[PDB]
Amino acid sequence: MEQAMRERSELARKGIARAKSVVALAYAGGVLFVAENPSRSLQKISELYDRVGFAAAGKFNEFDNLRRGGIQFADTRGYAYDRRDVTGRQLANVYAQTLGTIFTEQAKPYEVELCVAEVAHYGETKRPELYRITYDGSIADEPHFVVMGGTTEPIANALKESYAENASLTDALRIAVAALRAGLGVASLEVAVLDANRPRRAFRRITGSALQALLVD
Amino acid sequence: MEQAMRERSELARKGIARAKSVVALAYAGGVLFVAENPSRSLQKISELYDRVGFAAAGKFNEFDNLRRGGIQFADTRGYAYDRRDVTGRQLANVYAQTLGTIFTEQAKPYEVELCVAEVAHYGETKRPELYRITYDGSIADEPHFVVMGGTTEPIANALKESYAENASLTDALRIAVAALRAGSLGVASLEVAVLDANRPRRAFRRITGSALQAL
Amino acid sequence: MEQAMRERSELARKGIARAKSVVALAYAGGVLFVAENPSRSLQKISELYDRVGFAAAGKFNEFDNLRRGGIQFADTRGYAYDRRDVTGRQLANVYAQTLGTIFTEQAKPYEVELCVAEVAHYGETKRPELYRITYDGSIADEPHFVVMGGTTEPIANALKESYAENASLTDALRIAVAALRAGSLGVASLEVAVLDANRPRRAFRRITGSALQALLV
Amino acid sequence: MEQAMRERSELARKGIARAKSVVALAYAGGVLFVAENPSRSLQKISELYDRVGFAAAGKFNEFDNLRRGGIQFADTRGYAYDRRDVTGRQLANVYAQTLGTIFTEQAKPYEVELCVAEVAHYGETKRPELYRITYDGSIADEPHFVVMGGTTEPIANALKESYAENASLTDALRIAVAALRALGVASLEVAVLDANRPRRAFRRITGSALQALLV
Amino acid sequence: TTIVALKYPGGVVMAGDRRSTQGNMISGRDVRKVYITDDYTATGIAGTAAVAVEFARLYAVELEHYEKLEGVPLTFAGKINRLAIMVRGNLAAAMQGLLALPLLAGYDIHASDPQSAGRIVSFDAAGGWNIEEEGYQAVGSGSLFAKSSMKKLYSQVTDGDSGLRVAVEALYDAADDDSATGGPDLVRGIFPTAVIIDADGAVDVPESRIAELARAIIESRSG
Amino acid sequence: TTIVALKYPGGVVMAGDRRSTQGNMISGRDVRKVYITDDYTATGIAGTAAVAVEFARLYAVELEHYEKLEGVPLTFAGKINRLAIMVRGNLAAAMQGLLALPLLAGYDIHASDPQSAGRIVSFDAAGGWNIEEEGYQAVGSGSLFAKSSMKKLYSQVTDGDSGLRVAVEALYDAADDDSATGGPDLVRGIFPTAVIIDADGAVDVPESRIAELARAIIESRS
Amino acid sequence: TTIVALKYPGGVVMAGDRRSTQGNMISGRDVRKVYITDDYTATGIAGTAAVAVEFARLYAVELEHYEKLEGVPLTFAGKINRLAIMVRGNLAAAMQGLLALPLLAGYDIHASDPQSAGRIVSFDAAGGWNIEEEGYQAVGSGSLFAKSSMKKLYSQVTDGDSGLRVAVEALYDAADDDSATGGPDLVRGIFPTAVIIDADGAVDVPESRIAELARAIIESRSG
Amino acid sequence: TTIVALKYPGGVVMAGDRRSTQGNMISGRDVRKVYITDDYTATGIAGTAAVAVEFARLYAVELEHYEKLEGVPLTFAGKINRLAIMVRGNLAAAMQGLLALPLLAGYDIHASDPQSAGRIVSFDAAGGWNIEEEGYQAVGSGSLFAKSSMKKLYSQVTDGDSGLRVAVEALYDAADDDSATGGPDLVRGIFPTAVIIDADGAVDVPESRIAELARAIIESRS
Ligand SMILES: Cc1cc(C(=O)N[C@@H](CC(=O)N2CCC[C@@H]2c2ccccc2)C(=O)N[C@@H](C)C(=O)NCc2ccc(F)cc2F)no1
Ligand SMILES: Cc1cc(C(=O)N[C@@H](CC(=O)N2CCC[C@@H]2c2ccccc2)C(=O)N[C@@H](C)C(=O)NCc2ccc(F)cc2F)no1
Ligand SMILES: Cc1cc(C(=O)N[C@@H](CC(=O)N2CCC[C@@H]2c2ccccc2)C(=O)N[C@@H](C)C(=O)NCc2ccc(F)cc2F)no1
Ligand SMILES: Cc1cc(C(=O)N[C@@H](CC(=O)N2CCC[C@@H]2c2ccccc2)C(=O)N[C@@H](C)C(=O)NCc2ccc(F)cc2F)no1
């Protein structure tokens, strides 16, 4: 019993330590996802629902399995009831239950760390919501930022001192690359936002020339 | 066999001891739930049925599963029979059965401790009922209060001293937060709710923000 | 295999010995169930059928499962045939089989000890019947009393030199409370029920509150 | 747990190291698959879809089961939607998922390494795509070449030193056999994803033509 | 068949005739159609005999089963729902000729006002249920006649005796205008059955009392 | 077919005819329709022969099965309930033309008054059962003739012998008015079968006695 | 049956008649066809009584189930969808004669301004649903008469009270032209039931106010 | 119902009426039958309302679903295929009277010629699908009238605005000859709904523009 469970906890823990880092923080325009990612085609930051976005660190196939499952949940519940009934709190809760089941019952625990984030619906005043769900089903909401993967103390520290509420888009990005360096160009990053000012689908990737401008321009 | 049950028992006991504390106690207006909770949206206290409420300590996802199962049970029984046939005793019983089966058969026992409370129906004279269910399905009947999670003994002693029957809401809340303090401090770190026997139908109601601060 | 069964037997024995005690004895008016129980609403004695009663010692959820299963069996048999075809011997037998299976097959044996009792149908003259079923399915036919749970030597002895056939209700209750208090009492900490052979149909009748106090003095 | 998983990992790694080597290179006309294979009729390189090719190293029956499951996936997806909705990135995704499940749950992990490659549709302009999926479901995007099976480091370095973008068919084939030697028609299996074909890009280069390009 | 039920101050009465038919042929003269289903409820069924007997037996067993499993008896509303579900489950069979419709009388020990604690609930083939508020109800091929009789006689019900009398008389009119409802058989001494329920429970009314009531009604109509 | 049963002081008697038809054609002259299903009960069935036989057989096996499993026999109520459940089980087949209705006669060793321990239960196609209070009963295509015969003859019943005679005469009137019921065959020596049940159990009435009663009835009507 | 619902500035009102029939036979005089299905919504059903009551009960249970499970109530659109799915699910029984059509009236606590937060949604046997933007709707055997009545009376709706008056008069016209909808019963003191919903939630209208309005309508039609 | 869709230089337009019926009885006056099913496609359904709404909502969910699972949207061919699969799946219910037919208007971002990137696809109850090459199309109880009207009016389409006008006029002729298609309601101020799709995406045509066009048609025909 105990040795099996802490064996799983160790395997997962170390696996997530080995992998690249992911930052998410709330800014005046919504939520910002910035992850260290060289791939041109494999993505760690994703849209879940209209105003809900998803980020993960760890083993790709496993947090992509979880990502797909989240999209299944969100679209299913959106259809069975209404779109507005799908909430980031719901998705974080279902991720908690699911990773608890995986961790205690799957052949090998998932080496993943998830963040579910929700921004306000168009025209409404609602502070963003950020949820962290770890490999064992533990779940915590945090008000400002979330870090995952790799060595989290240096990045969480850099932000702990450098984070300012309602930062600009370029200020947020700059402090995100800054904090992540403590753990970098366009070819090494994956960047996206939940933009609270988009009418319907808040998720928007920042890539290529546009991202280049956003970094220094 | 016996060593496996000792290992499961210990994993559960340590799990529960490592978590924030929850208190539930009967007062003049019904039942009061007071739990340490630094979150803004994830809840340890809940409504189960018209007059029946729920509080839990331990690993969130596990007592949230159990919470959802209890609400499923309650709504199903109320539908198949009549609302007033749904009783706190029933739900505590079914939690005893469920946690027994989990503890002995689940891949990992549930690191949770549960409390089921019931107040009288509107206009009836009935002493509140407080049941506690532990990780191995053991069930206890308590007439005054229930303490769960973390280091429960100091809190239980502080309550054994400061508690009195039919206290006011304010007295009960302050006594409860005192007991919680003697075991480890304001609105942003507290979840508070009541089973309010003076409500006409749904007794469960939360006390948050401005209303909570003023107590 | 042998050592495993020995471990299950030990677990069951220690569990039952940690629990509070229950006595059931025949008296001039039927059968008497007295069990040490502080709770207001959690019950160790129960009706099974018209003239058949039940009492258990050990872990609550387990002997409650068994109690429910017994009510299921009795009601099904009575419906499939006739009410008078349900006997206490039948339910004792099915409890013996059920606890044999439980003891050898489940993840953990049940830490329970059962008593099934039967009184005569109204107007008929038949000595009460007492059966004991132990955690492993063994079944004893006892003629005067059954003791279960905790340390049964003190209580079984006090009853062995204080029990007489056809005592009164109050006499049998005094005998019972004394024998129980030996191997370890009032209304606030006692559960008392009777199989009253003088009742027309349902013979199970609890003794609670003012009535119990009135029978204790 | 970590011991069982690292014994699985070890069995896979050793099993792959004992097998012949394969190389996939992006060149001016598309993608080039060159593998050491002595057999007359046992293929390690295969077509998957219109513009998507497959190459594998390790135990035959296992990467043939994977080849078949991939063909199944591609044809099913193309029929349920449209042919052009099938892409190399998603065949690689599903290969990663499948090899993860196999690695953690099957009796024995598969001793395989996969490369999925995609060239541009006819007349379109898109740099080829190369994906590597290892025995544990790990997936890697590569812009120039992938090396699979056996002792890879000599081949990888040989390529890092001899690889030129937009190389021709003959030149790229040449540096491919070169890296492999760090080998003639009777012991080589070569095919190309030919971006210049109207629909089905996969074309094998056997016998007369094969040695024809080996001068 | 005719089953009648009605409220009186502090209680409720239910009664039913004794007839059994197979088309026009009389196949039964002493059938029991009103059943004490629990200490505070009686059920009376019309329709196919086999289905009615099974309904009463099954229903009583269900109520007691719950009482023993959960330590407390169902709320009256729960009893109603249970019977409704049992009837609804029999709908296909009922459409194919096995129709049975119950009538429910009870005394609700959890009612607010003890004087109006009586309860009468009617049912239809689909599981519909309706708590009657106008004080009386009937079911069966003679139900309309008994309901009009009782419509004229109900103001005479002021205690248990008058209620029981009105019930028996309604059954008398039922048999008077419905050949499928048996009347009092004075040659064989077979009279309707009746159950009465108050705060002390539900009890069978002795046949001799029904007999006196019947002789009184007869003498009253003859002169 | 006609099956009769009636109570006499301290016991019950059941008797049945011997005919089997396929439409108008006579397919059987010595069929036995009254079976001793246990030491204190006999069952007589009317209807499709195959279903009647299966009923009697399976029913007796069920009663004995219970008795051996539980060390004690079913109460008479239980026996009724099992028979009725068996009849209900056959209702679909019965609606497709395989109809069979039983008639149950027994002595209840658990009855209060041993003089009224006789029991006669009838059944319908849906599994309805009714315990008979008025002393006699019948089943089958001649059951109305026989029941109306026993309405007039029943007062003559003071003991088992008179009960047997009344039963045989009932069957005789039945075959008199119903072509699907067989009367005494004096040419072949085939007569109705009969079982008597009292506190000593259920036993087959010997053919000689029924033959005598039959002949008496015959010559009495000339 | 006739159920009506209409929007008034600040909320919505629903009203239902009390009659129950079996062919031409009046089987019920006190039925309650309008249920408070949650704090801000009422549901009124026409059709087979058992199916309608089942619908109200199960729909209320479903809403509250979601609410307790997720900590927050469904959006009004979600409520619509669940009800529609229920109807669509009963379509087959509906074609076998067990037909029930609901009418939904609610208050959307998430609407922009609270004076127009009222919602009236109608349904058909196939599960189709329609948010009525013309202020009023009715369902049942008397819904045509009630709708053509409100078409003329709706300009008089200026608050909750006038809304209730127009609802009761629509029901009165329905009972005037449809024998399956029951009018006010002044002898027995039985009147339609009504719910009113505003920002403070859903509330049952007290019988006495309905009776007042009814008598005013009657004494107006008569002179 | 009538739904129309026509191609203009660089885009497509779709429009539908607002009428709901239960036989002869008008049960709806403001039904929205044209839905923006994704950033580059709109679907308009005729038939049973419950089915039509189900189709629009579910189909939209399915397209966006694929997009989020796969990081890229379906090819237009894939969208056609999914809609046809849905329609075929409803074929039995349609046989039982739950019939609903879609019309699809799209702009293919992957087409070569940006001027001829407009797409119009009609469907039948079996799930058959057909890409219209001749410029316009319609579906519903008035589709024949609208199509014959567009046959004569199509040569006037030279930009988005003239195409919108032609669409509204086709709906006007449909309403003119078909009582199940609703015309402009000047009393209530309710007009057909319209969606317009070009390279910048699909957007709702504001009601005011359709009101103006309808009034121009009305005045013209007076
Ligand atoms: C199918 C099918 C239906 C029938 C059928 O109509 N069967 C008759 C009943 C009948 O002939 N027999 C003869 C033997 C046992 C059975 C009986 C059971 C119980 C009591 C008295 C007799 C019936 O169902 N008749 C109906 C019309 C009837 O009279 N019903 C009155 C009634 C109401 C409630 C109740 F509990 C019992 C009743 F008999 N037969 O096959
Ligand atoms: C379908 C179908 C119906 C029949 C059918 O009507 N089959 C006849 C019976 C018949 O022709 N044969 C010939 C060979 C065996 C069988 C038989 C069985 C037992 C005894 C004597 C003969 C019947 O069932 N007739 C009915 C009307 C009948 O006579 N029933 C009397 C009866 C009652 C109880 C009993 F136990 C046996 C009986 F024969 N056959 O297939
Ligand atoms: C099949 C089938 C149909 C019927 C049938 O006609 N069943 C009738 C109802 C009926 O006679 N009874 C008598 C006792 C219980 C039941 C009742 C239930 C509730 C309330 C009052 C009575 C019906 O459904 N009639 C329809 C035409 C009707 O009147 N419907 C009005 C109505 C609407 C909504 C609602 F909630 C309750 C209602 F009664 N029975 O079997
Ligand atoms: C079975 C069955 C069929 C019908 C039926 O004919 N149901 C009608 C619709 C109807 O009366 N009601 C009233 C309450 C909700 C529902 C509605 C839904 C949506 C909009 C307005 C109303 C229909 O389907 N009529 C058809 C002939 C129709 O008008 N179809 C036009 C239409 C097309 C596409 C679309 F999305 C919506 C539409 F209304 N009812 O049960």
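Next up on the list: the overall build of chain D. For chain D, the helix and strand inventory stands at 6 helices and 10 strands. By principal-axis analysis of the C-alpha atoms, chain D measures approximately 50 × 45 × 30 Å. Of the roughly 9,800 Å² of accessible surface on chain D, a fraction of 49% belongs to carbon and sulfur atoms.

Our focus in this paragraph is the overall build of chain C. Broken down by element type, chain C carries 6 helices and 10 strands. Its C-alpha atoms give chain C a radius of gyration of 17 Å, near enough to 17 Å, the size a compact globule of 217 residues would have. Counting only C-alpha atoms, chain C reaches 50 × 45 × 30 Å along its principal axes. For chain C, the residues scored as buried account for 56% of the 217 residues in total. Looking at chain C, you have 28 positive and 26 negative side-chain charges, and the mean spots of the two groups are 5 Å apart.

Near ligand 4 there are 22 residues, and of these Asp124(G), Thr21(H), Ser27(H), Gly47(H) and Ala49(H) occur at the shortest range. The environment of ligand 4 is shared, with nearby residues belonging to chains G and H. Here a nitrogen atom of ligand 4 and a side-chain polar atom of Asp124(G) are 2.9 Å apart. Contact between ligand 4 and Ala49(H): an oxygen atom at 2.9 Å from a main-chain N or O atom of the residue. At the level of secondary structure, the elements contributing two or more residues to the shell around ligand 4 comprise β8 (118-123) and β9 (129-131) of chain G together with β3 (20-22), β6 (41-47) and α1 (49-70) of chain H. In terms of residue class, the shell around ligand 4 is made up of 9 nonpolar, 10 polar and 3 charged.

Time to look at the interface of chain D and chain A. Opposite the 19 residues of chain D that make contact, chain A presents 19 residues. Taking both sides of the interface into account, the surface hidden between chain D and chain A amounts to around 1,600 Å²; carbon and sulfur atoms contribute 52%. When the buried surface of chain D facing chain A is broken down by residue, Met1(D), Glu2(D) and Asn93(D) rank first, second and third, together holding 36% of it. Put simply, chain D and chain A have 1 salt bridge between them. Summed over the shared surface of chain D and chain A, the number is 7 residue pairs in polar contact. Among the elements that make up the side of chain D that touches chain A, the one with the highest residue count is helix α3 (residues 88-105) of chain D (7 residues). In the side of chain D that touches chain A, the residues fall into 6 nonpolar, 6 polar and 7 charged.

Here the focus is the site of ligand 3. Close contacts around ligand 3 come from 22 residues, with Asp124(E), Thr21(G), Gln22(G), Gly47(G) and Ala49(G) the closest. Positioned at a junction of chains, ligand 3 has nearby residues supplied by chains E and G. With respect to ligand 3, the side chain of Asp124(E) contributes an N or O atom lying 2.8 Å from a nitrogen atom. Residue assignment for the shell around ligand 3 shows that the elements contributing at least two residues are β8 (118-123) and β9 (129-131) of chain E together with β3 (20-22), β6 (41-47) and α1 (49-70) of chain G. Within the shell around ligand 3, the residues separate by chemical class into 9 nonpolar, 10 polar and 3 charged.

As a further point, take the pairing of strand β5 (residues 34-38) of chain F. Residue and element names in this part refer to chain F. Here β5 runs beside strand β6 (residues 41-47); their pairing, made up of 4 bridges, is antiparallel. Residue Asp 38 lies in a different strand from β6, and its bridge partner there is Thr 41. Between the antiparallel neighbours β5 and β6 lie 2 residues.

Right, let's talk about the sheet that holds strand β1 (residues 3-8) of chain E for a bit. Residue and element names in this part refer to chain E. Spatial ordering of the open sheet is given by β10-β1-β2-β11-β12, a layout of 5 strands whose pairing is antiparallel. The outermost strands of the open sheet, each flanked by one partner alone, are β10 (136-139) and β12 (201-204). The mean inter-strand angle of the sheet, taken between neighbouring strand axes irrespective of direction, is 15 degrees. Pairing between strand β11 (residues 193-198) and β12: 4 bridges, direction antiparallel.

A word on the arrangement of the chains. One finds no contact linking chain B with chain F; the least C-alpha distance across the pair is 28 Å. Taking C-alpha atoms only, the smallest gap left between chain F and chain G, which are not in contact, amounts to 23 Å.

Formed by 105 residues in total, the largest nonpolar core has its most connected members in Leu114(A), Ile133(A), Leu114(B) and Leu114(C). Among residues more than four places away in sequence, those in contact with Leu114(B) are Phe54(B), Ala55(B), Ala56(B), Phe63(B), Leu66(B), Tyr95(B), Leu99(B), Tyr131(B), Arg132(B), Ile133(B) and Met148(B). One finds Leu130(B), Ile155(B), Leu190(B) and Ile207(B) within the second-largest nonpolar core, a separate group that totals 41 residues.

Residue and element names in this part refer to chain E. When we look at burial in helix α4 (residues 143-153), the residues that qualify are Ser 143, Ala 146, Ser 149, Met 150 and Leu 153. Around the axis of α4, the buried residues are gathered within 130 degrees of arc, so they sit on the same side. Packing partners of the buried residues in α4 comprise β1, β10 and α5 (160-177).

The next subject is the pattern of salt bridges. Taken as a whole and assessed by the stated rule, the structure comprises 136 salt bridges over all chains. Residue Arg205(B) is joined to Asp196(B) by a salt bridge in which the shortest nitrogen-to-oxygen separation is 3.3 Å. Classification of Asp196(B) as buried rests on a relative accessible area of 11%. Between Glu2(C) and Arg6(C) there is a salt bridge; the shortest N-O distance is 3.1 Å. Within this pair, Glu2(C) and its partner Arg6(C) are both found in helix α1 (residues 2-18), separated by 4 residues, close to a single helical turn. As far as the burial class goes, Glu2(C) and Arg6(C) line up, both exposed. Salt bridges linked by common partners bring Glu47(A), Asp50(A), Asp75(A), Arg83(A), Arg200(A), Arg201(A), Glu64(H), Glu67(H) and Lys68(H) together as one network.

Looking now at the sheet that holds strand β10 (residues 136-140) of chain F. All names here are of chain F. Across the sheet, which stays open at both edges, the 5 strands sit in the order β10-β1-β2-β11-β12 with antiparallel pairing between neighbours. Strand pairing shows two members of the sheet lacking a second neighbour, β10 and β12 (201-204), which therefore form its edges. Ignoring which end each strand starts from, the neighbouring axes of this sheet average 15 degrees apart. Both strand β1 (residues 2-8) and β10 contribute to a ladder of 5 bridges, which runs antiparallel. The residue bridging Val 4 from the neighbouring strand is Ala 138, located in β10.

Moving on: the packing of aromatic side chains. Following the criterion strictly, the structure yields 28 aromatic pairs over all chains and no others. On the basis of an interplanar angle of 45 degrees and a centroid distance of 5.1 Å, the ring pair of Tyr81(B) and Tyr66(E) is categorised as tilted. Linking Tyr81(B) in the loop between α2 (60-80) and α3 (88-105) with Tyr66(E) in helix α1 (residues 49-70), this pair reaches from one chain into another. With respect to burial, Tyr81(B) and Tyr66(E) carry one shared label: buried. Ring geometry for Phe145(B) and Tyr163(B): centres 5.8 Å apart, planes at 65 degrees, overall edge-to-face. Of this pair, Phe145(B) sits in strand β8 (residues 145-148) while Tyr163(B) sits in the loop between α4 (152-162) and α5 (169-181), and the two are 18 residues apart along the sequence. A relative accessible area of 15% means that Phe145(B) is categorised as buried.

To continue, consider the interface of chain E and chain G. Between chain E and chain G, the contact holds 12 residues from the first and 8 residues from the second. Run the count over chain E and chain G and you get 2 salt bridges. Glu134(E) is paired through a salt bridge with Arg188(G); the nearest N and O atoms lie 3.0 Å apart. Contributions of two or more residues to the side of chain E that touches chain G are made by α2 (76-89) and β9 of chain E. Here the side of chain E that touches chain G gets 3 residues from one element, more than from any other, and that element is β9(E). Classifying every residue of the side of chain E that touches chain G gives 5 nonpolar, 4 polar and 3 charged.

Cut-offs used in this document
Residues numbered from 1 in each chain as written, not as in the entry; some residues may be left out. Chains lettered and ligands numbered in written order. Part of a larger assembly, values for the part shown. Heavy atoms only, no water. Helix = DSSP H or I, 4+ residues; strand = E, 2+ residues; numbered from the N terminus. Areas by Shrake-Rupley, 256 points an atom, 1.4 Å probe, with all protein chains shown as cover. Rg over C-alpha atoms; globule rule 2.2 N^0.38 Å. Buried < 20%, exposed > 50% of the residue type's maximum accessible area, 1.4 Å probe, protein only. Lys, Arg positive; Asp, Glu negative; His and termini not counted. Charge placed at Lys NZ, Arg CZ, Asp CG, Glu CD. Near = heavy atom within 4 Å. Polar contact = N/O pair within 3.5 Å; in protein donor to acceptor, adjacent residues only side chain to side chain. Nonpolar A, V, L, I, M, F, W, Y, C, P; charged D, E, K, R; others polar. Contact = heavy atoms within 4.5 Å. Buried area = accessible area lost by both parts, 1.4 Å probe. Salt bridge = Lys/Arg side-chain N within 4 Å of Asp/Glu carboxyl O. Pairing = 2+ DSSP bridges. Axes fitted to C-alpha atoms, helices over the stretch in contact; angles between N-to-C directions. Core = buried A, V, L, I, M, F, W, Y, C linked by side-chain atoms within 4.5 Å. Arc of directions from axis to C-beta. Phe/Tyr/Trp six-rings, centres within 6.5 Å; stacked < 30°, edge-to-face > 60°.

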